[PDB]
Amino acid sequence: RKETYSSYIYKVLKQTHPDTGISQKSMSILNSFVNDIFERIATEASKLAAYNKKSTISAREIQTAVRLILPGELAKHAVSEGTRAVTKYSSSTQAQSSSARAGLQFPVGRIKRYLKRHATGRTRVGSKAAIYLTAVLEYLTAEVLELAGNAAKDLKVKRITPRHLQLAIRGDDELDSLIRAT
């Protein structure tokens, strides 16, 4: 199925624009975005693992896929977030939740399971692959929400509508390129 990330999108919006709300239509559009970008990255990462005869989709294949998919500097920004998340989780002496350990609002355990839907046969999925992908999906969502919230404040409105999402995407040439491809 296409999964629902709305709860976690809202948690990101609370960290980015604590004072700003978001409409139901806007949330549906963001949920489509997350699913679409997930599918593009996961498909490419799984392909990389298969063509290269790897037994596991790892953080290397996610990182490569991010560099093939995200346009311009956005890809390097996103790689840095994935790498940061993996590092935080690793240095986490933790009996905490996987997401909390990596510093993330998006659901690492769920995303690991969803990623397994793209792994053929015996191919496994690594925990760090799922941390890294989670972190990229969260970061992209934060980038859109930051920009759309700023468009809303510019229009003196207190919640994000689809028009603010359009303003956000249309005014950033990398996000515009990403969404046109997706």
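Each residue number is its position in the shown sequence, starting from 1.
Q) Where do the C-alpha atoms have the higher mean temperature factor in this entry, in 55-63 or in 117-125? A) Higher mean C-alpha B-factor in the PDB entry: 117-125.
Q. Mean C-alpha B factor from the entry: is it higher for 158-166 or for 7-15?
A. The entry gives the higher C-alpha B-factor average to 158-166.
Q. From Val79, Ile111, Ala100, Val86, can you pick the one with the highest C-alpha B factor in the entry?
A. Of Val79, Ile111, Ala100, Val86, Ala100 has the highest C-alpha B-factor.
Q) Hey, what third does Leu133 fall into on Cα B-factor, ranked over its chain? A) For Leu133, the deposited C-alpha B-factor lands in the lowest third.
Q | CA B-factor ranking of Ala152, expressed as a third of its chain | A | It falls in the top third of the chain.
**Q.** Chain third (lowest, middle, highest) by recorded CA B-factor, residue given as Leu74
**A.** For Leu74, whose C-alpha B-factor we compare with every modelled residue in the chain, the answer is the lowest third.
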